[PDB]
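*Asks:* First the structure, then my questions, so here it is.
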Amino acid sequence: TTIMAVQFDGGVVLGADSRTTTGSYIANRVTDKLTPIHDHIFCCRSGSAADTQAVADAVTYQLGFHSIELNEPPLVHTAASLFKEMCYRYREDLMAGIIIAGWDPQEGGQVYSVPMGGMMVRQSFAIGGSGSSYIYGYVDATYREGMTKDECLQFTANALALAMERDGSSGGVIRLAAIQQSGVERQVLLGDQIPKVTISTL
Amino acid sequence: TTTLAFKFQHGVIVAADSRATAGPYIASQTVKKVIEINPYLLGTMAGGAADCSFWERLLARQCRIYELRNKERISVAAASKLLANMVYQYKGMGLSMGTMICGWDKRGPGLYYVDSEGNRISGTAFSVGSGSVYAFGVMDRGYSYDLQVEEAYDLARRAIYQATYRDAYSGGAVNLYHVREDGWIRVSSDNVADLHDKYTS
Amino acid sequence: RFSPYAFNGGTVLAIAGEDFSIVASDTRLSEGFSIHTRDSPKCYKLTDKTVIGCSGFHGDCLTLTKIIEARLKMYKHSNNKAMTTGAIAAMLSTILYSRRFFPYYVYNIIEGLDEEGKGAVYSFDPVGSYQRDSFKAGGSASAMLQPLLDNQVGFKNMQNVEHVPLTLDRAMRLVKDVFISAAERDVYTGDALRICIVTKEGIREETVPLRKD
Amino acid sequence: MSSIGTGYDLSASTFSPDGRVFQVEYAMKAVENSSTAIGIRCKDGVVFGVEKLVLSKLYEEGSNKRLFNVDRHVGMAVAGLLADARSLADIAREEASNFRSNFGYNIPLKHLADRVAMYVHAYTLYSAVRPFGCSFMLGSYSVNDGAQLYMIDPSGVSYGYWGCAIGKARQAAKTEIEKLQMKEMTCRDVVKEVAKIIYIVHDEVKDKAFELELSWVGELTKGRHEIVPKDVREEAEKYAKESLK
Amino acid sequence: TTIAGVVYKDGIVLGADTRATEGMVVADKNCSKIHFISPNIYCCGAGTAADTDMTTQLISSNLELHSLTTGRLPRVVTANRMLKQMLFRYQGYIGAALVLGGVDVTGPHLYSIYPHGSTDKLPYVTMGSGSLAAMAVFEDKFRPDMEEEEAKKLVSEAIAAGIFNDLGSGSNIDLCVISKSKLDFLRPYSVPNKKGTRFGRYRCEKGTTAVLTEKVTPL
Amino acid sequence: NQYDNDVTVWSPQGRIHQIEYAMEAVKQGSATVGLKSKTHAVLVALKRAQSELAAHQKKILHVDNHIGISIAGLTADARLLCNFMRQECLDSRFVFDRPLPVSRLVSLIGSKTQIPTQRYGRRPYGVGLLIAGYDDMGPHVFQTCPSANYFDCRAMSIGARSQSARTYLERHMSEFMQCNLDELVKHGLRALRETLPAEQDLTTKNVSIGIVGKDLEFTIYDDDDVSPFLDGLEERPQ
Amino acid sequence: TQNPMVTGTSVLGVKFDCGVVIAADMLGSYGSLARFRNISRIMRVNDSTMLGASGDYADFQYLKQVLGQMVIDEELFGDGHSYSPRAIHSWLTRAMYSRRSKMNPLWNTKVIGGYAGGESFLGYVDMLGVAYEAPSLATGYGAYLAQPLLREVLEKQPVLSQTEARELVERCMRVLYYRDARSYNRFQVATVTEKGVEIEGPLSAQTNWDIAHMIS
Amino acid sequence: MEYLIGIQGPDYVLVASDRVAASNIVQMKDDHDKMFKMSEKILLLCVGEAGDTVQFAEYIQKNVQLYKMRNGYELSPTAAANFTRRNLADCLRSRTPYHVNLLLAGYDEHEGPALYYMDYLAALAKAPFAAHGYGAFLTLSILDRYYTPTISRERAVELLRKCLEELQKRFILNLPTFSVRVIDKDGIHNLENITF
Amino acid sequence: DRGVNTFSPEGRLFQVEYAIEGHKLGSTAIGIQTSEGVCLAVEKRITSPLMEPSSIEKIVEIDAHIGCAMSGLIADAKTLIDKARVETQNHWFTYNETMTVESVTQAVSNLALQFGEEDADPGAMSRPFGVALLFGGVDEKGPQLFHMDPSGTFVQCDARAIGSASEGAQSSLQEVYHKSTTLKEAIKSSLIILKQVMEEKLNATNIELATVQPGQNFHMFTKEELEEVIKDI
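As given, the protein sequences belong to chains A, B, C, D, E, F, G, H and I, one line each in that order. Basically full-length UniProt numbering = 1-based index in the first sequence + 33. Basically full-length UniProt numbering = 1-based index in the second sequence + 59. Basically full-length UniProt numbering = 1-based index in the third sequence + 27. Residue 66 in full-length UniProt numbering is what sits at position 66 of the fourth sequence, and the numbering runs on without skipping anything. Basically full-length UniProt numbering = 1-based index in the fifth sequence + 43. Basically full-length UniProt numbering = 1-based index in the sixth sequence + 3. Basically full-length UniProt numbering = 1-based index in the seventh sequence + 44. Residue 100 in full-length UniProt numbering is what sits at position 100 of the eighth sequence, and the numbering runs on without skipping anything. Basically full-length UniProt numbering = 1-based index in the ninth sequence + 8.
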């Protein structure tokens, strides 16, 4: 499907996301936006099939919304990634939906999570996901290092997504990159007139 | 039409004939056992095959009828035991089945015999049997069986039937448990072995 | 019998011989869940009184669930009925489990070996589907006839006089137990480690571990 | 009024032309009868000081205790009727346990307090049941939400306090808090203070006799609600006794 | 089967559809309206299997009605999306409905395409029924991705006319539904591409091929 | 009065008289004493019956293989509560399979008893329970009220004219802690007899004991081994 | 036997107990089908201050049991009047959750190794993901039961109650061997020790890959 | 499902219905003395036909229902009304988990036309008619009545129609069936008719 | 007004104190345990010969070897007996042998006090039953007589009387009836005590006796047997 990635920044996260989710030839969503929020504390980047991700996406939104208003100070991110786990525990032999959650909560401080479609939740530095967006194994390893510099992180994310869309079929069209700081998400849209084209595979 | 609990009617009694058997018909899991159980003194029944299933439905039949008979001070009939078993078992179905019990009691319209199986068949006939190998047996027996046989006269009938049956049959580790039921009493004539009766007769 | 799918296998073979007041129950000393045997230690056998000793074997998941339950049924029975656990405990438990395991097919043969609380010894055999019977020979497992025969030939003494011209004593049953276990290893290839025979009396529990020969 | 067979104290759905609810008010007079439970917020934890009522001569520790653990890092001190307090402990502990399971982070006191208060408040509205006859404090330390102190009364209010008292002496006891700077102050020093306030406030007719129980939940316990050591209790007891003279 | 599109333009929303409603690839009916008018504010295009689409629009219409009246806000297309996603999940992903919800909020006009998936899908400009990609593919082609309203209205009508020409399943009149949030102009004949030949000549018969022995009125 | 029409009826002081009035019912019940050492939990109980020409039905009830209770108050209600506790103890044995904690079990009784006292148009349960239980943290002997509060005591006496018995419990309070099984039972008998008049001294027939501990599971002696504890007579110590 | 299809799998976790401690090596690295999603994953849980458990098989399934155990422990500790988590209590409780799921035709597979220290007894227990409890001498979990365990059992047969050190060389040796015989392994593995201090499980530590042998 | 053997020939001198006693499980016959026409009321019959077991099952419930109307109304229930109520009851059971197709055979006394038989298909369809067969056999017997029809047919002529069928049934049909219960019903009582 | 649920300063509930009185209203029943068997005797006390004396029953069977005589409101007891019949045979399905006097009596007694007049489930009592039951039989253990109260206090007896003569009769039984008195003598003891509460003399149409004796099931005494005990009183 979509190339989604998040690499851990200075004490917060830098994101990357694609814009098509394909079911073979027919586009499930011609336009896919995985940069939008799901609370103001947490954001997630959603991968796998279109229906499996959307149903998970609306429940974490509801639970999270109630929790920030009920508590009075916002909730933490670690809660958001557990809400997604619960859902997957039911759907672990039927559906799957590979969500990779990142932003920052103010209260306990920065988090980068991977909640899987089998149900687990674990802390990582950078996780990139989808079925055919697993083809950057070399690319993610060489690029990510422990506390990578913000300028380096920005370049590496855009660069990794490009390698994806060319090599895997499922990926394609406008790469949506997002750099997040402590309370704010800032998105830039990188042209699909720009793509670096793969060099001599024949 | 099949073995494992089988009954045929006479005026004087009914014949109750049954097997002692453990497990499927391929091996026994014991040798000593009597599977024959007395749920009420109205008659005896006991099967085999799917073991939990026969015991379960008869135990419900036994509960309902016995409470009604004992408290009311009105004797329950062949028809009543059969109706309880029938109503219960179709409901319970889908939780293994294989009940093969033969219901007897003497009623206002004279002696009544109904055959209760786990399909939901409820049958009166010359001789009926539910379970497995008596299916062959009903053929020879009908010839040697009168509509009304006396008890003594009936005991001699069982001994001959059996004695040839052991020769034909290749199931071992059994006893023929013989009971004559004189109405709302049940007495045990003899519990003779299938291996013994071939020599006698 | 059936080839483990419904519930996990855990092998093991049970032989049971009843005399008159001494009853030997033997099963292999192993806990299995996987083709290999985890540890020789087991808690397949559990005693509730000196009056009753229960053995549940095969699948280990089945073994723990029912055996604890049997301890609960015992407690309930002493209180309400006012008869201490024994024969009475045994008949009751076999009905409720055998309904539970038999739609999704039964992979445990629990054997209550005891004395009644009024006296008289019973050895009780379920197929896996509810039956209770008193026996003087018993074979139980997938190989539910492999031991049965030795107890039929030697204990009953039907066309046999060279194990005893009558019927076995306490001294005689224990001698025979060690022998029978050594024999089992030869035929049945689903065992590892050790074979444990527990001899249940109304006056003495005995335990003996015996190496697989 | 108080002697009647319809409404007033039978109901709490009733209103007077003033607006009052008498039953909810009778529940408040009930919390007042037994000795004081104080819980003081520090910028680093909560320290409790509770009078533990000695109702016999054949006591053992923890007997008729008023210290409960709602969550791992929440303590709960009750004052007033202990009968109502046991049912309240089960409901609070249950809301917290499920929270930890789902969210996977330390229950915010602001959330827990809102849920128990709603429950007390559902009974005060109703004329179908009476409302609890005790008042409680929940006090906690976390680094995911900070040190929090909350108080819930028989009415069904939750508001945060930085130092609270419930029980007979509370109007006197509260005054002693205004004297102390307790918002910024180690949990080690505050134990010494909760112990001395209790010893002076006690008199032989609020209750016969008490056993001093202090509890930690702060930097010292490392965010765990535990009972104070034998050493801690005794030095804080000593300082209470020396100040009493 | 059906050929439906709705568009986001520089004006409001123009829905285009062929008439015919088919039970599979065969016409159950050659009359009525495929694009349906609901309350005044909401218009919905329908595509794919007929049985699943009409009923989904109808059920959501009650829910949306309750929400509009109470809230007293005009209907939001994101709002409309969530309701279809939740309803269709309730049913358990039975049948095929590619649904085109389009309503005007107080902000811009907003158009969404919901396929049967139970997705949260945001288009840009979409066409539905048939194959979702196959219809969607046209929008990228003829639209420069924004042009004036009048030019855009001729453009959708022209693109939809091509799908009618290429795929004979759609038949009869092409309807255009210009939808605001209180104005629903249902123009039956935007373009008629095809129509039948007159059924002037009979196949009638006198009784001498089949006769009648009764004419009575029961009481 | 009308501070006790229903168990929702408050007094201006802030007390429900019906819950208090339910305690007066416990005083109508038969005298029971609860004592503990460091290895046993001992329950000494008074059985009464209408036929003394027949064996007296036990006042010690079965809850677990190491938990037994002695009732003082309402007989039906004590049995009624007993079943909730029995279900939980036996369930605890299946699931947790520890020897269940007296402090844990007792709080769950506190939630259920609170239900009718909270509820309108109902009566509290006016039964006071002394539970002996042995877990792996040693014995505990707990008292549970007609309210819902618990005491963890080393010794307690609730029942008819229980004050007389406490005078003994106050006097040998130190002793209880050191004891073995035999010593616990003799003290509880000497306590038990005091409740009753000066000139009445117990028989084994109307004494049932429920013994719990480290060296034993659950055994109830109705006259079985009751005779040696009774021996060494002491008659109404003031 | 049946087992669900596993995606994220935990495999080979040895455990052998010494006096008032146990030593464990469990992989810190959980492969998801092919890709090693988390090379940093922790199969170790804290039931209470003197308990630890380590689990193998489907990693996912392990997390379901953790929460049920967690919610029960949360209510039970802190109060400690006579009720708290105890060595017997955690073993049986966790077995019953697994049994509950055994009754359904799909069961949640994890095979667990409990080391606990309860009210008076030091326990080393084995819990299955279909249920069963016993005290154990040495047990493997997941892949360790088929592949290395017999050679580990053989070293244990002269001396069954040896030191931490002797266990530590075996476990350190076992990763070079893991890589050799089975595929879904990493050489960043976790050493977990349950002691009276608590349950400690520092981060993944590594040693030689050693699949560079070819000498015959 | 249809692979029984029933025929009912309606006239207003009599109605002749016959059925086989031949409820066979395994290889031999469980019933071969039990009658296959059940008494709902003393002038009303239901004949349940399908699977052997399902037949006994249908009747007992139905028997309670007919009698109950008799009690409620305080006259004999209307024939039309019963037949329709027996159709609603067989369709209701059809919904329920065990799918039951049952061929019911309604004999009733109606206000007109005289003795009446109301006919029931295995499409669970109530139909007024004259000339009916139930079972796989329905197909041939309806056709024989069609060559020679009379719906006021006397008893002698009823025996002739029957006999041409009985010899055919013995050699051409898979039901040689020498065990049959045959009854002719006047409006007051059940009379037993000759069996070939 | 005040409720009925309340505890009084005496330390007892109102509803329950009334229920004991309800036991006192009815007819007297005597249940004597002898070690030769258990006899239950009840007074018919008929006032009309048009009645059929067989069908006046106040001895009903809990089990097929346990008989029960009941006292106070005849109707109120009957429900408890209906629930008892279902349990005894139920006990046969599970245990695979027949219920004991002790097991049945404790299970009915739990239901006896449950009462919450307002805000309690309609599947639970608003008021307790005013019946005292006497369960008398010989079972696997031997002859046992258990007494059940409307207060839900069960106790084992050898001789118990309940009904209008309940205190008077119970004292009088303790005197004559002992375990040095045989079964036939128990029947003579009950007959004398019966007469004060009766309006007439003892007859075989004014007593109903049934004895359950070892090795035998429950037998309802026939007219001849009733008449042999009438001859010598």
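We put the CB at the ideal spot given by N, CA and C, even for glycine.
Straight-line CA distance for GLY80/D to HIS225/D?
*Replies:* 22 angstroms
*Asks:* Check the Cβ-Cβ distances between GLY245/G and every residue of chain A, and say whether any is below 8 angstroms.
*Replies:* no
*Asks:* Buried or exposed: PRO136/I, going by 16 or more other Cβ atoms within 10 Å of its Cβ?
*Replies:* buried
*Asks:* Since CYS111/B meets chain C, which of its residues come closer than 7 angstroms, beta carbon to beta carbon?
*Replies:* Chain C residues near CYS111/B: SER125, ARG126, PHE129, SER156 and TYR157.
*Asks:* How would you write the range of the beta strand (DSSP E) that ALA74/B sits in, first residue to last?
*Replies:* Looking at the DSSP string, the run of the beta strand (DSSP E) that includes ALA74/B is 73-78.
*Asks:* So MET78/I is in the beta strand (DSSP E); what residue range does that whole segment cover?
*Replies:* 74-79
*Asks:* Any heavy atom of the ligand SAM closer than 7 angstroms to the Cβ of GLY146/D?
*Replies:* As for the ligand SAM, it is missing from this structure, which has no ligand bound.
*Asks:* Buried or exposed for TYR107/H, going by 16 or more other Cβ atoms inside 10 Å?
*Replies:* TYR107/H is buried by the Cβ-count criterion.
*Asks:* Exposed or buried, which one is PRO108/D when buried takes at least 16 other CB atoms within 10 Å?
*Replies:* buried
*Asks:* If you draw a straight line from the C-alpha of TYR149/B to the C-alpha of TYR99/B, how long is it?
*Replies:* For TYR149/B and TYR99/B, the distance between alpha carbons rounds to 23 angstroms.
*Asks:* Looking only at C-alpha atoms, which of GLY155/C, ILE49/C, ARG212/C and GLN186/C sits nearest to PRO83/B?
*Replies:* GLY155/C
*Asks:* Can you list, in chain order, the residues of its chain with a C-beta nearer than 7 angstroms to that of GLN214/A? Leave out the 5 residues immediately preceding and following it.
*Replies:* Around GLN214/A: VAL45.
*Asks:* Measuring CA to CA, which of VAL12/F, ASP9/F and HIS43/F is closest to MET180/F?
*Replies:* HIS43/F
*Asks:* Any idea if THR35/A is buried or exposed, counting beta-carbon neighbours within 10 angstroms, 16 or more meaning buried?
*Replies:* Under this definition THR35/A is a buried residue.
*Asks:* Using the Cα positions of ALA105/B and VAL93/B, report the straight-line distance between them to the nearest angstrom.
*Replies:* 9 angstroms
*Asks:* Run down chain I in chain order and give the residues with a C-beta less than 9 angstroms from the C-beta of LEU83/F.
*Replies:* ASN118, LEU121, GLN122 and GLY160
*Asks:* Residues of the segment 161-181 of chain B with a CB closer than 7 angstroms to any CB of chain H: list them in chain order, please.
*Replies:* In summary, the residues of the segment 161-181 of chain B whose CB is separated from some CB of chain H by less than 7 angstroms are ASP174, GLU176, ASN178, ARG179, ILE180 and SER181, in the order they occur in the chain.
*Asks:* Cα separation between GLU234/D and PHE48/D?
*Replies:* One C-alpha to the other measures close to 15 angstroms.
*Asks:* Below 7 angstroms on C-beta distance, what does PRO119/F contact in chain I?
*Replies:* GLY124
*Asks:* Below 8 angstroms on the Cβ atoms is my contact criterion, and I expect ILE54/I with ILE64/I to pass it. Report the Cβ-Cβ distance as a whole number of Å.
*Replies:* 7 angstroms
*Asks:* When you compare only the Cα positions, how much space is there between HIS59/F and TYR168/G?
*Replies:* 48 angstroms
*Asks:* Identify, in the order they occur along the chain, each residue of the same chain with its Cβ nearer than 7 angstroms to the Cβ of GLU154/H, setting aside the five sequence neighbours on each side.
*Replies:* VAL13
*Asks:* Which term fits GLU107/E, buried or exposed, when burial requires 16 or more other beta carbons within 10 angstroms of its beta carbon?
*Replies:* buried
*Asks:* So what does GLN148/D bridge to, in DSSP terms?
*Replies:* For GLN148/D, the beta-bridge partners assigned by DSSP are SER140/D.
*Asks:* Give me, in chain order, the residues of the same chain whose beta-carbon lies closer than 7 angstroms to that of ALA218/I; leave out the 5 immediate sequence neighbours on both sides.
*Replies:* For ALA218/I, where only same-chain residues beyond five positions count, the Cβ hits under 7 angstroms are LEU48, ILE67, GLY75, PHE226, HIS227, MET228 and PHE229.
*Asks:* Which bits of chain F does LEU99/C rub up against, with CB to CB less than 8 angstroms?
*Replies:* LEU93, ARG96 and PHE97
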